[PDB]
Amino acid sequence: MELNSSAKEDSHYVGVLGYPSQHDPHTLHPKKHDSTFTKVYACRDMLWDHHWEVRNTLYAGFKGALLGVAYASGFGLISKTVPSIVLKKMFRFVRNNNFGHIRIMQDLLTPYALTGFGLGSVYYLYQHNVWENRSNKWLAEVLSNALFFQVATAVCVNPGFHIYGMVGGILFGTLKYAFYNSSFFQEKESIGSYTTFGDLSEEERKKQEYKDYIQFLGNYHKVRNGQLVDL
Amino acid sequence: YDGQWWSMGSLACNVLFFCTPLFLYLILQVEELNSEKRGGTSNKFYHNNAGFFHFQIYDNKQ
Amino acid sequence: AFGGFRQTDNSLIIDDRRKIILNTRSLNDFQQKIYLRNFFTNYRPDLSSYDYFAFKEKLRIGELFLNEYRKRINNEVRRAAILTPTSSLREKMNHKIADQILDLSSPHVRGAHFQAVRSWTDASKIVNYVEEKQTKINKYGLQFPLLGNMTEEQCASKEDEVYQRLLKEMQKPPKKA
Amino acid sequence: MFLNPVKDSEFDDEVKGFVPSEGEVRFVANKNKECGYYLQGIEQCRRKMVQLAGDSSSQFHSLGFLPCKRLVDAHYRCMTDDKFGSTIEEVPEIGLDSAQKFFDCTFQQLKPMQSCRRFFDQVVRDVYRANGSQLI
Amino acid sequence: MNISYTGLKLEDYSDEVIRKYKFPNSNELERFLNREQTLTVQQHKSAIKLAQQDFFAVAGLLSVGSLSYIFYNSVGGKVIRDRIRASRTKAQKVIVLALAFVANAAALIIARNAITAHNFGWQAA
Amino acid sequence: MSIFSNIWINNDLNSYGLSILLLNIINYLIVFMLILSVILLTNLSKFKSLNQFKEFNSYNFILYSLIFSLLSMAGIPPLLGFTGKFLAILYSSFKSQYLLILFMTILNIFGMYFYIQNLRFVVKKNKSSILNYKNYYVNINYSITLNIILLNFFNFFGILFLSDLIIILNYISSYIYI
Amino acid sequence: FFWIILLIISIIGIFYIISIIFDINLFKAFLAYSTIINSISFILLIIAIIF
Amino acid sequence: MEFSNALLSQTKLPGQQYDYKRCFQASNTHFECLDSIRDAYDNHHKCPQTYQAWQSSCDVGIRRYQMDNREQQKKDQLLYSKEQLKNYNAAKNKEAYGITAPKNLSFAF
Amino acid sequence: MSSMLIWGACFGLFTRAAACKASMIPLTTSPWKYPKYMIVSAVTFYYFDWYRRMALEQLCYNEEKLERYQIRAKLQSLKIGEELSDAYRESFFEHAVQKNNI
Amino acid sequence: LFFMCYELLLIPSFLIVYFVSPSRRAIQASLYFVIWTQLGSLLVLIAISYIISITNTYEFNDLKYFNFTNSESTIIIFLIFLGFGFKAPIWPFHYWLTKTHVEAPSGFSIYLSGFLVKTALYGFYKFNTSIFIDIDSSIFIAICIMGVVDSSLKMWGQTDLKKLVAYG
Amino acid sequence: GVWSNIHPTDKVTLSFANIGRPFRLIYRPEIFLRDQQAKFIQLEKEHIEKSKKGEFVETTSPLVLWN
Ligand SMILES: CCCCCCCCCCCCCCCCCC(=O)OC[C@H](COP(=O)([O-])OCC(O)COP(=O)([O-])OC[C@@H](COC(=O)CCCCCCCCCCCCCCCCC)OC(=O)CCCCCCCCCCCCCCCCC)OC(=O)CCCCCCCCCCCCCCCCC
Ligand SMILES: CCCCCCCCCCCCCCCCCC(=O)OC[C@H](COP(=O)([O-])OCC(O)COP(=O)([O-])OC[C@@H](COC(=O)CCCCCCCCCCCCCCCCC)OC(=O)CCCCCCCCCCCCCCCCC)OC(=O)CCCCCCCCCCCCCCCCC
Ligand SMILES: CCCCCCCCCCCCCCCCCC(=O)OC[C@H](COP(=O)([O-])OCC(O)COP(=O)([O-])OC[C@@H](COC(=O)CCCCCCCCCCCCCCCCC)OC(=O)CCCCCCCCCCCCCCCCC)OC(=O)CCCCCCCCCCCCCCCCC
Ligand SMILES: CCCCCCCCCCCCCCCCCC(=O)OC[C@H](COP(=O)([O-])OCC(O)COP(=O)([O-])OC[C@@H](COC(=O)CCCCCCCCCCCCCCCCC)OC(=O)CCCCCCCCCCCCCCCCC)OC(=O)CCCCCCCCCCCCCCCCC
Ligand SMILES: CCCCCCCCCCCCCCCCCC(=O)OC[C@H](COP(=O)([O-])OCC[N+](C)(C)C)OC(=O)CCCCCCCCCCCCCCCCC
Ligand SMILES: CCCCCCCCCCCCCCCCCC(=O)OC[C@H](COP(=O)([O-])OCC[N+](C)(C)C)OC(=O)CCCCCCCCCCCCCCCCC
Ligand SMILES: CCCCCCCCCCCCCCCCCC(=O)OC[C@H](COP(=O)([O-])OCC[N+](C)(C)C)OC(=O)CCCCCCCCCCCCCCCCC
Ligand SMILES: CCCCCCCCCCCCCCCC(=O)OC[C@H](COP(=O)(O)O)OC(=O)CCCCCCCCCCCCCCC
């Protein structure tokens, strides 16, 4: 399981290995002789185009809405207590209308779905238009998430919890830098791996590696300090 | 009650006191601009001594 | 044995000397040591540990020596003020003394500043100046009790050496022009 | 160290200091960091040979410090980047005097490696100053 | 381990190389082997013995002086102490006054002796 | 893991994290055993609320044994639990887990106060009577006191002898080929 | 697969107990929550090990 | 444990069993022949009959363990000697009583 | 100091004294338990001194095998496509051909 | 050994404050002292773990031959400064100091203020002079100056002599 | 003394300072290095033999090991 696999890909390494690259265009090119239906159906590649800002914003909004609906299903609705009269009226609606449960679910999940969609869209636009080309990636993530979650906790939950929102945002930014923008448990390269370029003979490479080993010996403290017994 | 601290006393003085650390940091950075452009002492952990502590006894044993 | 800390950056490293390409996140401990961490953190990394300790001590003594120059010129100005009346005092000061006072200003001598901001070249020059003074002193062996420690045999040998050197210098003829 | 004598000096001994080029300093520092193993090896092998054949009656007394020759040659090659010969004996005339001083420091006077590394680095610096663009 | 005299012949190496890698004088070899080029292990041992003896003397003298002073001048109030010392015999008064001072002064003198390097043979002129 | 002309060099001991985990488990069990032995030495019915920590305000041995056991559970440096916590943090740093170190520290400090706050309740107006009476006199068990004393000695001086325990645990874990 | 599940469980547990461990008023609850806190710490250590 | 040769060799079929006496007799014969050959690299083809007997008698996992152990033994024999190791261990144990003070103001590196 | 038997004897003596103090009984109670504790402590700590060194020796020997596991585990951990790369191809062939000496 | 000696000072001081302080508020003051100082102790412990795990050395002088990257160096300096400033009181981490000084034995307050806050300074000096740091110290200087300003401004409003001396 | 007589370093330093390093490296580092250099030893031996002979091999020249 990997998070944000496409972004953290070594194009050079995959190219030298021949491994398929996630940066391939992934596009459809219908022929001019093809049917009109085929030409129309080939337009779906715009739904895969990752450079379409509107598509990405709707994608982020859908993610946020799904998260909000899941939160409502799990914790939000069960924690919130509805008035007895309101419950009786909505149960009466279920009795008097077919599929009344669907409309009740729509009514209950509308707030969570809408707020989740708004948060997702705003967060995507915020992170993309701002902080996308900063120098210190960790600092950018921490500051952006801190500010965003401070505002989010002030608005959605309560203005009196904005400090906790900011602290949670700092924690979430650190976590995202650790396991979303970085590959700690998602390694796709062997540690110490490399590639060879240039017309260097195997003898020359072995000689250079012998020199590298001699240098590496100095890492050991005992040899550097000359504190070894005569074997 | 929550938020009483800002109102109590004088709001302007409370805000100034709250922002004092930011003012100090900004003054330090503006001062360090002068150091950078001139060549004088700058706010950094100078490392002239290669880890050699002040008047430390450096000896070896047979 | 020295180790390393896992890297997160996704940059590529091209080593032209070894003719290989690595990635920052994929480096092991030795590769990190070779490529990262190879920068210098002292004025004269070429010197050994003992040599750089001597260099550091000479640099500290040289800073103190420049401060001593400033203190001496200030004392000379006080002496001039006391000895010479205010009339002609500035006339006599507008000479070597005033130029030296200005030339020993803060950029050239660290009076009371926390750090004397010196490039490695400037530090090397200061150490060379201190070593030149040390060489001049040791020619005649003026550093036995102060700025040096020696045994009795060393002192006797140095006395004989200085005696021979002084005799040769006296016998040398005057420099022409 | 890093002091040049005054050619036209009123008195017998006068010295004027100089600062080596940043390229020379970088080269010496990098090569010392890479080849420091050989210098420690030279020290340890010098002590080992003295212990083994220091006594006059020892059978190998006539071969003293010859085993250190391989270490010295390896150190020279590492410091000079395998150029300018494969042995210390192949040192250029510019550094021959400093090489002789280093050998006297190490094997005849048996002075500390702190002292003799100065002369070895002087050999390397002489070669680097002579060539310049050849080593970098 | 390939660093050994085995297999080495003087014929292979040049005369200059042999002269370069020739053993120094026997005295020089002995000094290098014993690490006595500058100072002898016996000199180190003598210095250590003197240091330990000086520390023991200094610490014992300080302890004796401190305890004697405390016990002699910690008998009660001013009036009580004055009356006790007045009834004190002549020799007892002398010891009470002199013991603490002598112990402390001897400790301080032994401390000063080490830093003061008077026993240097170059005293002349 | 380094490669020099097809020669692998390994300066890392893989069977070390498991040894550290075993060490932490053993240290927690030892401290838990110490506190539970202190409890068992006394009357069990007295301790039923955090307020009842004052009931430990008994003669010096029990009082200070409880205090040091609570501190050790908290993770105060000189005591035994500190060794486990410090070695866990050291292994996390060795594995280059800065976020894990951050979360470990948050949990450690919160738990530290959780243990420490009971020292406030330990204070009692008078001396408690928590010992069972047998033959008209309080029953003090020499065997449990001796076991508590050995546990106290090891709790105080675990750092000194920890190298041997670490060697033994690494020896046990090295058999696992992971 | 285990790494992400362990991380999520550890984070949720820490943020859930940070407040609960200060709401108990019983000796048995104190002992149980000591065990729970140590369990979470050892789970974090296990994540570090499996890394 | 997927990478562990020992743990993988500990696996077996439900009805599989090992005749250790026969396997060790065959392995002893084959290794005696190999030692008589005394080559740097074990060339089993120089001992065809014993090699076939060893293959038949011993299981693949047992053979893998035996070959790895033989390689380790060859490396140790090339490197060290009994008297050398005895002297080195004695010197190291003697050193363990003393302290290892830092060497300040070094000359290398 | 150097004798583990003497160290254990001292440990047992101090343990007995501490037990008496903790129990609030006179230190002269049950005098026969002093030599008993000293002997038990000396023997157990002597055995542990032997056991720690035996465990250390066996651990050093086990690390030799663990190095073999690490080398082969590293090669099998290589990502798909890296086993024939220039950085691992020679080592992979060494472990797949030269060491295929069954 | 340096770090262990630094961390050993907690137990005796806590025991003195807990069992020797006459005032009843000393019970809570001791807990505040322990928690506030232990947070900084954990920070310094993290820094020491970073140094030891990365550099296996312990001689305090082998660090000359090992250079920490920029990220490692900045993390180490931040952790070291904050951790040692928890002990050596800095703004805003002086609430524990005020509480402990007010509610501690008058004889132990002398020892605390006089000495126990300077072991942190000594440790910070040692670590930061051993490590090479390539970061701007403006933030740390600002923190120190803010602490000075805060304490100086609050001096006036203290009618309690012990608390006034604590602010000094 | 006795408890530390196994290693010159103190027990606390042994327990904490050494994290993840092989006990073969902590104790008996000479054997660890020699095992690590096993093949380099024979390469150096072959280089010395060839150097005594007319041939001079530059590939293995850097391999001059003393520990
Ligand atoms: C397979 C397992 C399940 C089998 C069926 C159940 C039998 C097993 C039961 C045991 C299992 C656990 C049950 C727990 C019950 C919990 C309580 C409860 O809800 O029941 C109490 C409820 C009340 O009990 P009562 O008081 O006795 O009865 C009072 C009334 O008489 C009752 O009358 P009523 O009309 O009031 O109740 C009707 C009831 C049952 O529901 C129905 O009436 C039938 C619904 C059929 C599905 C309709 C959706 C479209 C399906 C398309 C399928 C093809 C897709 C192809 C895609 C191709 C792509 C290329 O309504 C609901 O459950 C409400 C939700 C129904 C809609 C679900 C929509 C899922 C997709 C949503 C996606 C996101 C949309 C975003 C917005 C998009 C806008 C454009 O009990 C019942 O009515 C009978 C049991 C019904 C259980 C339904 C459980 C939910 C699952 C529904 C189907 C999900 C399909 C998912 C795949 C397709 C996705 C598109
Ligand atoms: C960012 C660009 C900067 C450059 C541009 C130029 C500078 C522009 C700065 C802004 C100036 C105009 C806005 C200030 C309005 C007053 C503050 C405020 O809003 O708080 C609510 C305001 C204050 O509430 P409060 O403090 O709770 O009331 C206390 C009671 O009056 C009971 O009082 P009490 O009888 O107990 O006596 C206590 C009294 C007296 O207290 C004392 O004696 C103790 C000392 C107090 C501080 C005195 C100032 C010291 C110098 C400050 C330097 C700051 C440097 C760091 C910041 C640098 C930023 C660049 O405390 C006060 O001072 C309260 C009066 C308001 C604060 C006045 C002093 C601070 C104002 C901000 C100065 C910023 C200067 C920046 C440039 C610096 C040089 C580079 O509430 C009211 O409206 C009630 C009436 C208060 C008197 C108002 C007098 C007229 C002010 C102008 C009105 C027209 C403004 C039009 C604005 C148009 C859009 C921009
Ligand atoms: C009758 C026993 C006679 C013993 C005589 C001395 C012989 C050694 C002790 C042998 C005891 C064996 C049986 C266990 C009895 C204790 C447990 C018990 O249940 O007793 C109940 C028994 C009766 O019950 P109770 O008295 O009603 O209950 C009261 C409580 O026990 C509460 O009482 P407490 O508050 O007084 O308890 C002590 C308190 C506070 O105790 C301390 O703080 C101990 C301070 C010792 C003085 C020296 C400290 C020097 C530190 C310098 C920095 C080193 C840094 C090294 C790097 C790593 C970090 C350490 O708690 C702690 O110990 C926790 C902090 C531990 C800090 C770790 C310091 C390690 C130092 C290692 C030795 C270094 C030697 C260097 C010189 C030689 C070089 C070759 O208790 C007693 O009779 C009093 C026991 C008091 C502690 C005794 C030991 C203190 C003196 C140690 C001197 C030798 C150095 C230490 C090493 C010893 C060998 C490993
Ligand atoms: C750095 C962190 C370190 C953390 C350490 C954590 C643990 C520390 C505390 C516990 C340590 C064990 C203490 C001894 C056992 C408890 C009972 C006891 O002996 O006192 C009763 C008994 C009291 O006698 P009493 O008061 O006259 O009469 C009592 C009743 O009236 C009448 O008595 P009774 O007739 O009812 O019962 C008589 C029997 C009562 O004693 C018992 O029945 C023993 C109960 C414990 C059984 C488990 C012992 C396990 C020992 C191995 C290491 C693991 C220890 C784990 C401990 C915690 C486990 C939860 O007495 C004995 O025979 C005592 C023998 C004790 C030594 C047993 C050694 C077994 C070794 C088995 C494995 C060998 C290696 C296999 C390798 C295989 C390789 C393939 O003790 C004594 O007579 C002497 C007391 C004073 C000296 C005590 C010396 C203790 C030395 C402990 C060394 C620990 C290992 C080395 C240090 C490791 C870290 C560097
Ligand atoms: C476990 C570790 C915990 C870490 C704690 C992290 C602290 C989180 C603090 C959040 C503060 C609130 C969000 C700030 C968002 C803006 C950040 C920014 O602009 O910096 C981006 C830019 C992007 O920088 P960059 O990434 O291009 O370059 C980085 C440079 N180096 C590598 C040297 C670090 O960064 C900065 O210029 C500031 C960096 C330091 C942070 C300063 C925060 C200032 C907050 C107050 C702003 C006041 C505005 C005016 C109003 C004043 C009052 C009236
Ligand atoms: C009573 C007398 C009072 C006198 C005035 C006292 C001070 C008043 C406030 C001074 C503010 C100075 C601001 C400029 C300095 C910025 C330093 C810096 O680089 O920080 C970047 C910081 C981050 O710095 P950093 O430390 O990350 O930088 C990287 C490290 N270096 C630089 C070494 C490479 O980014 C910020 O967060 C800055 C936020 C600024 C928010 C807006 C401030 C506006 C202030 C306007 C003041 C009014 C006008 C001037 C009045 C006086 C005119 C004479
Ligand atoms: C060839 C072998 C020959 C062996 C011959 C047998 C030798 C026997 C030696 C016995 C020595 C007994 C010494 C008792 C000293 C009592 C001092 C005292 O008064 O203290 C009271 C004090 C006070 O006890 P208290 O609690 O009654 O206090 C009284 C004071 N008030 C009133 C205030 C309460 O307590 C003690 O110290 C006594 C208990 C500790 C006794 C420790 C004895 C250790 C014995 C070690 C023997 C080691 C032998 C090694 C042999 C090796 C052979 C290879
Ligand atoms: C108060 C006098 C101070 C004298 C100055 C030196 C003090 C040295 C430390 C002594 C500590 C107390 C004794 C410890 C005994 C012990 O168990 O000591 C045990 C250890 C034995 O160590 P080993 O077992 O390793 O050999 O003792 C020593 O190592 C040396 C002890 C000190 C030797 C000098 C003795 C001087 C005697 C002076 C007598 C006059 C004093 C007058 C005072 C008023």
# chains A, B, ... in the order shown; residues from 1 in each chain; ligands from 1

call {"tool": "residues_around", "arguments": {"residues": "segment 21-23 of chain C", "least_positions_apart": "6", "cutoff": "10 Å", "atoms": "only C-alpha atoms", "output": "ChimeraX atom specification"}}
result
/A:10,12-13,189,191-197 /C:7-15,31,35

call {"tool": "residues_near_ligand", "arguments": {"ligand": "ligand 6", "cutoff": "8 Å", "atoms": "only C-alpha atoms and all ligand atoms", "output": "PDB file with N, CA, C and O atoms, in the first residue's frame"}}
result
ATOM      1  N   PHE B  23       7.848  41.355  17.253  1.00  0.00           N
ATOM      2  CA  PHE B  23       8.590  42.594  17.052  1.00  0.00           C
ATOM      3  C   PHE B  23      10.077  42.385  17.304  1.00  0.00           C
ATOM      4  O   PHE B  23      10.917  42.874  16.543  1.00  0.00           O
ATOM      5  N   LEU B  24      10.418  41.657  18.366  1.00  0.00           N
ATOM      6  CA  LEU B  24      11.823  41.400  18.663  1.00  0.00           C
ATOM      7  C   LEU B  24      12.483  40.607  17.546  1.00  0.00           C
ATOM      8  O   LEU B  24      13.608  40.916  17.138  1.00  0.00           O
ATOM      9  N   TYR B  25      11.806  39.576  17.043  1.00  0.00           N
ATOM     10  CA  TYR B  25      12.383  38.784  15.962  1.00  0.00           C
ATOM     11  C   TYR B  25      12.579  39.625  14.710  1.00  0.00           C
ATOM     12  O   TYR B  25      13.616  39.528  14.044  1.00  0.00           O
ATOM     13  N   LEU B  26      11.594  40.454  14.369  1.00  0.00           N
ATOM     14  CA  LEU B  26      11.710  41.282  13.174  1.00  0.00           C
ATOM     15  C   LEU B  26      12.815  42.321  13.329  1.00  0.00           C
ATOM     16  O   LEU B  26      13.550  42.600  12.376  1.00  0.00           O
ATOM     17  N   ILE B  27      12.953  42.902  14.522  1.00  0.00           N
ATOM     18  CA  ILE B  27      14.044  43.842  14.765  1.00  0.00           C
ATOM     19  C   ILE B  27      15.388  43.140  14.620  1.00  0.00           C
ATOM     20  O   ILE B  27      16.332  43.689  14.041  1.00  0.00           O
ATOM     21  N   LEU B  28      15.496  41.919  15.144  1.00  0.00           N
ATOM     22  CA  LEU B  28      16.740  41.167  15.014  1.00  0.00           C
ATOM     23  C   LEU B  28      17.077  40.905  13.554  1.00  0.00           C
ATOM     24  O   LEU B  28      18.239  41.022  13.148  1.00  0.00           O
ATOM     25  N   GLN B  29      16.080  40.533  12.751  1.00  0.00           N
ATOM     26  CA  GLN B  29      16.341  40.270  11.340  1.00  0.00           C
ATOM     27  C   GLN B  29      16.733  41.543  10.600  1.00  0.00           C
ATOM     28  O   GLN B  29      17.632  41.520   9.752  1.00  0.00           O
ATOM     29  N   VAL B  30      16.065  42.660  10.893  1.00  0.00           N
ATOM     30  CA  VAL B  30      16.427  43.925  10.257  1.00  0.00           C
ATOM     31  C   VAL B  30      17.845  44.324  10.644  1.00  0.00           C
ATOM     32  O   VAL B  30      18.618  44.813   9.812  1.00  0.00           O
TER      33      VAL B  30
ATOM     34  N   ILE J 135      22.567  27.467  10.827  1.00  0.00           N
ATOM     35  CA  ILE J 135      21.241  28.066  10.880  1.00  0.00           C
ATOM     36  C   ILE J 135      21.354  29.434  11.537  1.00  0.00           C
ATOM     37  O   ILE J 135      22.288  29.717  12.290  1.00  0.00           O
ATOM     38  N   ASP J 136      20.384  30.289  11.235  1.00  0.00           N
ATOM     39  CA  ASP J 136      20.318  31.601  11.860  1.00  0.00           C
ATOM     40  C   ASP J 136      19.829  31.461  13.296  1.00  0.00           C
ATOM     41  O   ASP J 136      18.806  30.819  13.554  1.00  0.00           O
ATOM     42  N   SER J 138      18.687  33.854  15.088  1.00  0.00           N
ATOM     43  CA  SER J 138      17.819  34.979  15.415  1.00  0.00           C
ATOM     44  C   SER J 138      16.620  34.532  16.240  1.00  0.00           C
ATOM     45  O   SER J 138      16.196  35.235  17.163  1.00  0.00           O
ATOM     46  N   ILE J 139      16.054  33.366  15.919  1.00  0.00           N
ATOM     47  CA  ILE J 139      14.887  32.887  16.653  1.00  0.00           C
ATOM     48  C   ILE J 139      15.243  32.637  18.112  1.00  0.00           C
ATOM     49  O   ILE J 139      14.499  33.022  19.022  1.00  0.00           O
TER      50      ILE J 139
END

call {"tool": "interface_residues", "arguments": {"of": "chain A", "to": "chain K", "cutoff": "7 Å", "atoms": "only C-alpha atoms", "output": "PyMOL selection string"}}
result
chain A and resi 203-204+206-207+210-211+228+231

call {"tool": "interface_residues", "arguments": {"of": "chain C", "to": "chain J", "cutoff": "12 Å", "atoms": "only C-alpha atoms", "output": "ChimeraX atom specification"}}
result
/C:1-9,29-30,32-42,45,48-49,52-53

call {"tool": "write_last_selection", "arguments": {"atoms": "N, CA and C atoms", "output": "CSV table (one decimal), in the first residue's frame"}}
result
chain,number,residue,atom,x,y,z
C,1,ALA,N,31.5,2.3,14.3
C,1,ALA,CA,31.4,2.7,12.9
C,1,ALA,C,30.4,3.8,12.7
C,2,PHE,N,30.7,4.8,11.9
C,2,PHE,CA,29.8,5.8,11.5
C,2,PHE,C,28.6,5.3,10.7
C,3,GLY,N,27.4,5.9,10.9
C,3,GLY,CA,26.2,5.5,10.2
C,3,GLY,C,25.6,6.7,9.5
C,4,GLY,N,24.3,6.6,9.1
C,4,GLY,CA,23.6,7.6,8.5
C,4,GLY,C,22.1,7.6,8.8
C,5,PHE,N,21.5,8.7,8.4
C,5,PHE,CA,20.0,8.9,8.6
C,5,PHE,C,19.3,8.8,7.3
C,6,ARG,N,18.2,8.1,7.2
C,6,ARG,CA,17.5,7.9,6.0
C,6,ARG,C,17.1,9.2,5.4
C,7,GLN,N,17.2,9.4,4.1
C,7,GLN,CA,16.9,10.7,3.4
C,7,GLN,C,15.5,10.6,2.8
C,8,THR,N,14.8,11.7,2.7
C,8,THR,CA,13.5,11.8,2.1
C,8,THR,C,13.5,12.5,0.8
C,9,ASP,N,14.4,13.3,0.4
C,9,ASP,CA,14.4,14.0,-0.8
C,9,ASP,C,14.5,13.1,-2.0
C,29,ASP,N,24.6,4.5,4.2
C,29,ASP,CA,25.4,5.3,5.1
C,29,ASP,C,26.7,5.7,4.5
C,30,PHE,N,27.4,4.8,3.8
C,30,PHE,CA,28.7,5.2,3.2
C,30,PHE,C,28.5,6.2,2.0
C,32,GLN,N,26.0,8.3,1.7
C,32,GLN,CA,25.7,9.6,2.3
C,32,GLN,C,27.0,10.3,2.8
C,33,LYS,N,27.9,9.5,3.4
C,33,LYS,CA,29.1,10.1,3.9
C,33,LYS,C,29.9,10.7,2.7
C,34,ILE,N,30.0,10.0,1.6
C,34,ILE,CA,30.8,10.4,0.5
C,34,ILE,C,30.2,11.6,-0.2
C,35,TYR,N,28.9,11.6,-0.4
C,35,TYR,CA,28.3,12.7,-1.2
C,35,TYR,C,27.8,13.8,-0.3
C,36,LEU,N,26.9,13.5,0.6
C,36,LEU,CA,26.5,14.5,1.6
C,36,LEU,C,27.6,14.4,2.7
C,37,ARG,N,27.5,15.4,3.6
C,37,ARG,CA,28.4,15.4,4.8
C,37,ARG,C,29.9,15.7,4.5
C,38,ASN,N,30.2,15.8,3.2
C,38,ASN,CA,31.6,16.0,2.8
C,38,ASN,C,32.1,17.5,2.8
C,39,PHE,N,31.2,18.4,3.2
C,39,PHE,CA,31.6,19.8,3.3
C,39,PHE,C,32.5,20.0,4.4
C,40,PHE,N,33.2,21.2,4.4
C,40,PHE,CA,34.2,21.5,5.4
C,40,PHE,C,33.5,22.4,6.5
C,41,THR,N,34.1,22.2,7.7
C,41,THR,CA,33.5,22.9,8.9
C,41,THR,C,34.6,23.6,9.7
C,42,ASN,N,35.7,24.0,9.1
C,42,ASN,CA,36.8,24.7,9.8
C,42,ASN,C,37.6,25.5,8.7
C,45,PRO,N,40.7,22.7,6.8
C,45,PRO,CA,40.5,21.3,6.9
C,45,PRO,C,41.6,20.4,6.4
C,48,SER,N,45.9,18.4,10.0
C,48,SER,CA,45.4,17.3,10.9
C,48,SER,C,44.8,17.9,12.2
C,49,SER,N,44.4,17.0,13.1
C,49,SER,CA,43.8,17.5,14.3
C,49,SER,C,44.8,18.3,15.2
C,52,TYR,N,45.6,21.6,13.4
C,52,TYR,CA,44.5,22.6,13.4
C,52,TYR,C,44.3,23.1,14.9
C,53,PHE,N,44.6,22.3,15.9
C,53,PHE,CA,44.6,22.8,17.2
C,53,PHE,C,45.6,23.9,17.4

call {"tool": "select_by_dssp", "arguments": {"residues": "segment 13-44 of chain B", "states": "alpha helix (DSSP H)", "output": "count of residues only"}}
result
26

call {"tool": "interface_residues", "arguments": {"of": "chain B", "to": "chain J", "cutoff": "9 Å", "atoms": "only C-alpha atoms", "output": "ChimeraX atom specification"}}
result
/B:20-22,24-26,28-29,32,42-47,49-53

call {"tool": "residues_near_ligand", "arguments": {"ligand": "ligand 8", "cutoff": "8 Å", "atoms": "only C-alpha atoms and all ligand atoms", "output": "ChimeraX atom specification"}}
result
/E:55-61,63-64,67 /I:1

call {"tool": "residues_around", "arguments": {"residues": "segment 68-71 of chain F", "least_positions_apart": "3", "cutoff": "7 Å", "atoms": "only C-alpha atoms", "output": "list in words"}}
result
residues 31, 34, 35, 64, 65, 74, 75, 76, 115 and 116 of chain F

call {"tool": "residues_near_ligand", "arguments": {"ligand": "ligand 5", "cutoff": "7 Å", "atoms": "only C-alpha atoms and all ligand atoms", "output": "tab-separated table (two decimals) with C-alpha atoms, in the first residue's frame"}}
result
chain	number	residue	atom	x	y	z
A	134	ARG	CA	8.11	26.41	-1.91
A	135	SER	CA	11.67	25.46	-0.99
A	136	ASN	CA	11.23	23.78	2.41
A	137	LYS	CA	8.59	21.14	1.69
A	139	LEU	CA	7.80	23.68	6.49
A	140	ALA	CA	5.36	24.42	3.66
A	142	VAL	CA	3.27	22.22	8.27
A	143	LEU	CA	2.38	25.90	7.86
A	144	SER	CA	-0.28	25.33	5.20
A	146	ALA	CA	-1.77	24.49	10.39
A	147	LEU	CA	-3.46	27.56	8.91
A	170	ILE	CA	0.80	20.84	12.45
